[PDB]
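This report concerns only the one structure given below.
Order of the sequence lines fixes the chain letters, A, B, ..., with proteins taken first and strands second; residue numbering starts at 1 for each chain. Both backbone and side-chain heavy atoms feed into the values below; hydrogens, waters and symmetry mates do not.
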Amino acid sequence: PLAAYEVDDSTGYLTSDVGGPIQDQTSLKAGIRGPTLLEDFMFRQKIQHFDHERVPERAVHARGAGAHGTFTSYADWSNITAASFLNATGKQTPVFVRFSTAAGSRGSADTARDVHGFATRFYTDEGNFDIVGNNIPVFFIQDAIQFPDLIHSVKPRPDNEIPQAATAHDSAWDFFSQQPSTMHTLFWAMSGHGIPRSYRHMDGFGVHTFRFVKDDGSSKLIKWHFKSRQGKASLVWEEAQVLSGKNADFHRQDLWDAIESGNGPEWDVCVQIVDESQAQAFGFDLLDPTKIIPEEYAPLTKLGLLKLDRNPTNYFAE
Amino acid sequence: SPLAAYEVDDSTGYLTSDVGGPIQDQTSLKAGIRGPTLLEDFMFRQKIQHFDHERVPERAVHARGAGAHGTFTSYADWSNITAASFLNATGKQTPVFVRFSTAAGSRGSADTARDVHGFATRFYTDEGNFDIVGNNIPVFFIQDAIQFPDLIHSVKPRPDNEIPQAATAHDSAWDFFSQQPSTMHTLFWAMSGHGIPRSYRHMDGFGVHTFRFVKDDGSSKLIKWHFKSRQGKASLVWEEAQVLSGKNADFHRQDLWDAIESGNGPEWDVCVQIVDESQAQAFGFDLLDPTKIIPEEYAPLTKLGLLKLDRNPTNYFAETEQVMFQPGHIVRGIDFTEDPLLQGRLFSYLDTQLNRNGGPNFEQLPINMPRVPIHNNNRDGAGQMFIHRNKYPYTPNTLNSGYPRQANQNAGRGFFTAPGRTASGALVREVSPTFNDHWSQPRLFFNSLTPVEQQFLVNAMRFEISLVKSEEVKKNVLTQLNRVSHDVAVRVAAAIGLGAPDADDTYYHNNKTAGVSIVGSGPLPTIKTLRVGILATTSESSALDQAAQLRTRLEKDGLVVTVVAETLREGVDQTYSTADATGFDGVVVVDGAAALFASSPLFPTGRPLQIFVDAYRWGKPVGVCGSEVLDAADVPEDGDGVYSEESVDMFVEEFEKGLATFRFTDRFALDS
Amino acid sequence: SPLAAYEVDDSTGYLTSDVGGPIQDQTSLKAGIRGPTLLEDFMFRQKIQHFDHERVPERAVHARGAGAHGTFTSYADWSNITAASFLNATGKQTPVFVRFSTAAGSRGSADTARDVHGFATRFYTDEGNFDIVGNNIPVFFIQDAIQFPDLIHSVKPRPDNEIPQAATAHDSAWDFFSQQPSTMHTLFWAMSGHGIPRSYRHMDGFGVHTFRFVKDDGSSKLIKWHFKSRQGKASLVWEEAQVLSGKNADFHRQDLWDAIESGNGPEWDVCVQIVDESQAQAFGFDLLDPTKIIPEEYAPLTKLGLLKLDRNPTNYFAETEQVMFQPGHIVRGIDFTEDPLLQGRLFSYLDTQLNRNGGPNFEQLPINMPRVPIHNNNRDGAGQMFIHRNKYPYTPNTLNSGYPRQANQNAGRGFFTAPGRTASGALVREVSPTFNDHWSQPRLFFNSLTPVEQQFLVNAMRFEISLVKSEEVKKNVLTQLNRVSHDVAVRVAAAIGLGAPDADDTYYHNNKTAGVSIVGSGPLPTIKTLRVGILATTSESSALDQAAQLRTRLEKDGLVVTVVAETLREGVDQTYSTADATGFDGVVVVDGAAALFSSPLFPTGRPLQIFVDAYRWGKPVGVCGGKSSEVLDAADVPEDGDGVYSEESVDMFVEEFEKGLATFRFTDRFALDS
Ligand code: HDD
Ligand code: HDD
Ligand code: HDD
Ligand SMILES: [Ca+2]
Ligand SMILES: [Ca+2]
Ligand SMILES: [Ca+2]
């Protein structure tokens with residue numbers, strides 16, 4: 001899939017980045033017990049590379065894991081959307097998905113209590129389409145300008161950077177109690193949804209109302225819902241705590257293993273579809289990201305199958 | 001102090017942009033009440049752009065850590081051994097900043113991972129910043145800096161899946177250790193209690209490399225830095241460290257924060273072993289080799305001064321995250337040696353700050369600034385915070401009267417390379433044959449540990465090596481362990497189902513050395529800061545009375561007391577639900593609570609008992625104050641570090657001796 | 001000095017590292033006296049690393065430029081029209097920093113390129129930094145911010161070979177201009193003397209866009225900023241600008257530096273045209289359209305205050321290179337309009353500083369810092385210089401007692417959007433048909449130039465279009481020019497050997513507007529700082545005596561005198577070898593030197609060439625001492641010509657010559673199309 005960019009090092013002699021054969025095990029010195037020389041370019045190119053390996057972690061959802069897969073459309077959905085990846089029964093589009101926690105840094109534990117990310121890229125034949133979702137259908141806040149306030153409050157206190165990957169501290173609850181919009185996502189996070197058994201055992205939600213637009217220009221309002229075929233399942237809190245200690249890599253290992261063993265996880269990619277006229281018909285505003293549309297009011301339509309079946313080759317690059 | 005000058009107070013006043021315009025930051029500007037957000041909303045974009053760019057790359061190693069401010073005080077005028085100004089007078093005080101860390105884990109990984117630990121100290125001296133970038137272990141894995149990315153790639157997570165976090169417990173790490181025998185000495189240290197210290201305060205710091213002290217007359221001697229903890233030496237046990245990682249990833253940084261906040265700032269004696277240049281190869285090994293210690297029997301310690309950390313940072317990102325240490329930050333009176341590990345570090349720490357800071361002016365960050373004037377011809381660069389008045393920044397000049405002037409051995413107190421240093425021979429990429437003994441000092445270390453300490457180390461290796469999938473790597477590992485000790489290889493082999501290779505006694509010996517054992521280092525010199533968990537109940541008013549009485553007594557002796565019960569109320573600090581044995585150095589049950597130890601929606605099933613049981617199994621002093629509890633917990637009444645008294649005063653007295661002893665090691669099973 | 005706190009003195013002391021350790025920096029540490037350099041040489045590496053990383057990206061546009069500090073002083077309490085604090089009291093003073101620039105060229109390109117010029121002003125107000133990011137031309141090429149990269153790609157060098165530097169005289173630029181007719185108005189400005197100003201001090205500044213002034217009671221009015229120069233309007237002629245680019249690439253920055261250093265800091269009246277919201281479409285065009293000016297006949301200027309630049313920077317990189325302007329630096333009392341060019345700029349200037357500074361904390365650079373306290377919850381980021389005490393940086397909070405408090409119209413003097421502003425209609429990527437007339441205003445401009453000024457413009461177009469290789473592009477250019485003026489198309493067509501298309505009179509008219517002509521703007525109101533070259537000789541002690549007397553008399557009136565001779569000595573400033581007519585506003589030969597007009601000391605014919613060039617470029621020229629016909633005849637300069645002087649008396653010579661410096665250019669020396 002990304003075959004063209006792969007580099008193989010199963011044979012051959014060590015070279016610099018400009019293809020000159022070299023060694024990299026001993027520094028060049030003025031005498032066998034002497035000082036290292038500035039002219040040692042082998043040393044400097046290798047160490048400069050190493051010194052510069054790291055990039056900033058993501059400002060949120062720093063901790064996560066991904067895989068490649070395929071999306072297959074169940075129908076020609078031309079009658080609700082012009083979207084090319086949805087325009088024929090059986091049409092296949094490559095995907096890449098990254099799942100994550102939200103608050104913790106790189107290296108924090110998979111099984112912390114948190115909102116989880118479920119970000120999906122469809123490499124469509126009319127361009128990349130991303131649905132950047134969470135495992136919880138609603139968000140804490142109603143205006144993007146408040147994001148840094150929310151995130152500062154739930155991340156570690158800035159004098160001592162304590163506590164890692166946890167809402168269990170004064171600042172977060174101060175924010176929650178002063179900003180009552182947070183109540184809905186709070187209740188989800190405090191349920192089993194905050195500690196899922198695996199990435200495969202949770203759903204994905206776009207959260208926002210988006211629009212499907214036909215080629216004739218007519219539109220409908222939609223909510224994205226990726227429905228897990230593995231079922232839903234959570235940990236219990238005491239278990240999640242011990243797991244955070246025994247295996248910080250629990251979720252990424254789970255996903256990696258299911259893929260290697262030929263049990264790639266699957267989701268039905270679904271939408272709730274409603275009319276433009278129904279923006280305020282359900283007793284709340286569809287522009288409000290703290291609300292769900294009860295399934296009693298709008299059933300889910302299954303658009304296609306998302307299957308993840310191939311692990312990355314290099315975690316950093318992918 | 002450059003840091004007071006840059007403090008920003010936000011305890012009053014109206015919100016402003018970064019250019020001082022009063023603004024709001026709670027609602028986006030929209031076209032209509034239910035409309036799209038406008039591009040012209042500058043309040044939105046300035047706030048979100050800032051947030052979007054908050055993060056910087058983590059350190060390439062030692063990314064997880066924590067820092068504090070303090071003072072170094074010289075005990076003497078040390079001009080007789082070094083020209084260093086911060087050491088030139090009795091009582092001379094120099095501000096310091098120290099950052100402690102693990103090594104392998106990323107910035108959100110647990111403090112209590114098994115690992116080498118950093119101990120980096122900046123002395124803001126009156127003749128420039130001097131950094132000693134050390135570890136809690138005196139020897140390093142490799143003999144040449146060029147091998148550093150090999151070491152780090154092998155111990156960091158596997159690069160296809162980025163598993164496992166902050167752990168040597170995987171194939172690649174043990175493959176490297178078994179193929180690169182220089183690693184044995186540091187590996188032995190890391191597999192001991194030194195890999196899982198009780199806190200940053202209960203470990204020592206080592207410069208690792210031999211350095212030089214250089215006098216004003218040009219003569220030099222060879223030195224090793226050793227920062228000796230005044231708090232004593234102490235470790236976790238492994239199963240405790242694992243539980244801690246889950247229950248409190250921030251255990252060490254919290255321990256340091258709290259000790260400082262309560263007026264119990266940690267202290268070290270800053271010491272050196274000092275030997276003559278002629279002794280570079282006198283001790284049976286090469287002092288240029290960073291995998292070797294100078295046994296204290298060959299060179300005793302000289303105490304130079306006191307290091308005390310006593311002030312927490314105000315902003316962690318600005319101070320702790322941005323501090324940028326360099327062994328290149330050196331001062332007159334100190335010089336480098338030809339240690340090929342040290343040699344290469346000099347390059348790496350200057351270069352890597354470019355990655356972290358994103359520009360060349362990183363020394364202008366308040367935490368990195370010196371406490372003396374700067375005079376040089378460095379100019380421009382992204383993030384230039386100075387306005388230079390000298391418009392002729394080249395040497396030699398007449399247009400600025402020849403300023404700044406050259407400093408050297410004979411002018412302006414300049415740094416100078418030790419004038420006795422020479423080089424000779426071919427320009428070679430060759431390892432000195434004097435470096436070849438990779439196994440005798442690992443054996444020296446192992447020999448110096450107590451029997452239960454040796455068992456803990458064997459058990460660490462059993463744990464990790466049992467997780468290595470490759471049969472080939474496991475066998476290669478036993479080959480190397482066997483060159484250190486046949487007994488180690490036998491005992492480790494037993495757990496992984498392979499046979500050890502035949503004894504190979506080339507490097508075996510029975511010699512020991514002082515000061516490397518934790519268990520054999522004696523009771524702790526103080527118990528201030530140590531944590532006592534008092535397990536109580538809300539259902540008995542007697543239980544809460546006893547708790548309160550203990551608290552008064554224990555708190556007066558500097559101990560941190562946590563009363564635990566089913567729910568919070570006056571006098572109760574923590575519910576059973578959030579409590580765990582890893583949160584205490586000692587655990588006391590007030591006997592009025594016996595009922596809990598025999599179901600509640602308020603805590604998981606059997607929680608009160610489990611805490612007591614874990615505390616016992618992990619070797620902690622445990623007690624009952626008011627003994628069927630001990631039956632329920634299967635704890636022997638007569639056991640060492642088990643207490644049972646109705647006398648408040650008698651119990652406190654005995655239990656406080658238990659906290660000093662710290663661990664009761666007789667509770668751990670030993671190989672035959 | 002505004003930034004004193006950040007200054008670093010190196011007039012004494014021993015060399016140190018950046019961490020204060022005394023060091024040397026003159027010899028590398030080596031293994032032996034003829035040995036290899038050692039990696040442990042930290043003195044070498046810290047010094048060379050710094051050097052290796054000195055450069056930052058130049059500005060994507062306006063890369064070439066120069067800055068200075070000054071003061072703005074309000075003429076009144078302007079609360080009747082704006083809430084702006086910096087305008088709230090008579091005599092109220094605010095520090096400023098201004099940077100001037102060309103637009104297309106890179107760093108190191110020449111000041112005297114033909115171009116639009118930047119005029120960017122920061123007011124460090126007591127209610128925050130307020131920037132007016134303007135140009136010396138009142139209209140812009142394009143009507144929507146989204147087209148900016150198309151414009152800039154077209155006028156910058158061709159991307160295969162990066163040719164030509166700092167010039168519109170190539171196919172791609174004229175291709176864009178001819179396909180995008182909105183460009184015509186600014187093009188006509190740039191092809192006039194406004195494209196080649198005599199100095200930064202002799203040009204005006206324009207905000208270009210309509211902005212709003214907003215009162216504390218929330219009512220608003222539409223405004224245009226006009227900074228009117230107190231030095232007068234003046235231009236180079238093209239041939240002169242070309243030679244200048246090669247003889248002194250730094251001409252404008254030197255001129256500004258020198259004027260400030262001599263206590264002649266330049267001044268502008270900071271003015272606005274003010275009109276009601278109801279007049280957005282009352283003047284025959286849309287006030288949201290940045291290709292249109294409001295003629296002065298429809299809206300006169302209000303003088304708000306005085307701008308004076310009077311202090312040069314200390315370190316150019318730290319102040320001038322690092323200053324980061326944004327139209328997003330706005331203050332209470334001012335607001336935006338729905339000009340789609342302005343709207344997009346708001347985005348660009350915040351984003352582009354990330355590129356230049358390499359990190360998000362660019363507002364912390366001394367030159368970008370405000371002069372009032374900052375209270376917000378912005379945190380971290382590379383290069384973070386603050387240590388924030390508030391450990392609860394979120395709103396809403398109780399743990400920091402609700403601080404910082406929200407500022408808005410009612411509390412804390414907050415910025416607020418003019419509350420009368422609305423939007424209505426479909427969400428569209430459509431151009432308003434009110435923007436559709438691209439040609440009437442260029443014609444209004446052209447009509448307002450004097451005959452010789454119109455010739456200069458036609459000649460600029462003939463120069464550049466002649467260098468366009470594509471006959472199709474050239475034909476498309478004539479199509480657009482012809483929509484502005486048939487006469488212009490005909491006269492330009494003549495130089496390039498094409499025929500003009502037939503007259504198309506849809507947008508022709510004969511209307512004129514005041515205040516846009518340079519050549520018609522009258523004699524300069526001051527001649528201080530103008531440059532007089534006295535050409536002399538060392539052969540005659542009398543030539544040097546005349547030169548000294550003349551110097552004394554001219555310097556008394558604040559002119560900058562340069563005595564030129566074969567070689568330097570006391571009283572001679574420059575040799576003929578380095579001298580050029582482009583270095584002077586006026587040229588005087590002392591009659592003692594008549595014989596000069598071959599030496600190893602200067603190129604053949606140089607002294608004469610300086611005089612002749614000065615004459616051909618319209619400058620006042622003369623001979624002092626009484627004997628003039630030898631010089632004037634050798635030069636082919638008629639003795640009775642306007643702006644040609646000859647007197648024995650120093651005092652009398654200078655009085656006549658000084659009138660000529662004020663007139664500045666003698667335009668009768670240039671041929672007109674017949
Ligand atoms: C205005 C700021 C803002 C707001 C209101 C949100 N986010 Fe976000 N999000 C970011 C700003 C951001 C970001 C800072 O831009 C990140 C960090 C790294 C990145 O690529 O974008 C990000 C990362 C990020 C990731 C990690 C993607 C990956 O794996 O690389 C996920 C899954 C989400 N977000 C999902 C959400 C959901 C479901 C939201 C509520 C509906 C949401 N975000 C609101
Ligand atoms: C040639 C590469 C190289 C080698 C051989 C070493 N290191 Fe290192 N070290 C680095 C390259 C490096 C680095 C990549 O340059 C770091 C990462 C971030 C930084 O500032 O420097 C660093 C970070 C770093 C830190 C964190 C400092 C802080 O708290 O910010 C400590 C304590 C050490 N190292 C200590 C050591 C010790 C005791 C070594 C062996 C004697 C050692 N390093 C060998
Ligand atoms: C949307 C893109 C865009 C548009 C439509 C414009 N500009 Fe701009 N301008 C920039 C994008 C930009 C920029 C890329 O963001 C620059 C480069 C460096 C900087 O700070 O902003 C810039 C630089 C810049 C400078 C140099 C400021 C300094 O000295 O540092 C001036 C004077 C202007 N511009 C003036 C204008 C005027 C009068 C315009 C029309 C009314 C205009 N710009 C339209
Ligand atoms: Ca908190
Ligand atoms: Ca591995
Ligand atoms: Ca071209």
Less than 4.5 Å to any heavy atom of chain B: does that hold for the side chain of [X], its backbone, both, or neither?
| X | answer |
| --- | --- |
| C:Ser401 | neither |
| C:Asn368 | backbone |
| C:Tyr14 | both |
| C:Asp131 | neither |
| C:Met385 | both |
| C:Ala4 | neither |
| C:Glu319 | side chain |
| C:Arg421 | side chain |
| C:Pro36 | side chain |
| C:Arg332 | neither |
| C:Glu7 | both |
| C:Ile367 | neither |

Taking side chain as C-beta onward, heavy atoms only, is [X] less than 4.5 Å from [Y]?
| X | Y | answer |
| --- | --- | --- |
| C:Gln406 | B:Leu15 | yes |
| C:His50 | B:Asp380 | no |
| B:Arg45 | C:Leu346 | yes |
| C:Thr417 | B:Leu29 | yes |
| C:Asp10 | B:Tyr403 | no |

I'd like to know which of [options] tops the heavy-atom pair count under 4.5 Å against chain C.
| options | value |
| --- | --- |
| B:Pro366, B:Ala423, B:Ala31 | B:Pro366 |
| B:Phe51, B:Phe415, B:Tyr392 | B:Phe415 |
| B:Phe362, B:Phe347, B:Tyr316 | B:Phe347 |
| B:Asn390, B:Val372, B:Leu365, B:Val56 | B:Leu365 |
| B:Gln322, B:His375, B:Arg405 | B:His375 |
| B:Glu127, B:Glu54, B:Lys47 | B:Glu54 |

Assess, by modelled atom type and distance only, whether the side chains of B:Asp18 and C:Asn378 contain a donor and an acceptor separated by less than 3.5 Å.
yes
Identify the heavy atoms of B:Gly383 and C:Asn357 that sit nearest to each other, and give their distance.
N-OD1, 3.7 Å
Looking only at heavy atoms, what is the nearest atom pair of C:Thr314 and B:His388, with distance?
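What the structure gives for the nearest pair is CG2-O, 3.6 Å.
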When rounded to the nearest 0.5 angstrom, what is the spacing between CD in C:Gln46 and CD in B:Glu363?
8.5 Å
Look at atom CD1 of C:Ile146 and say whether more than 12 heavy atoms of other residues, nucleotides or ligands are closer to it than 6.0 Å.
no
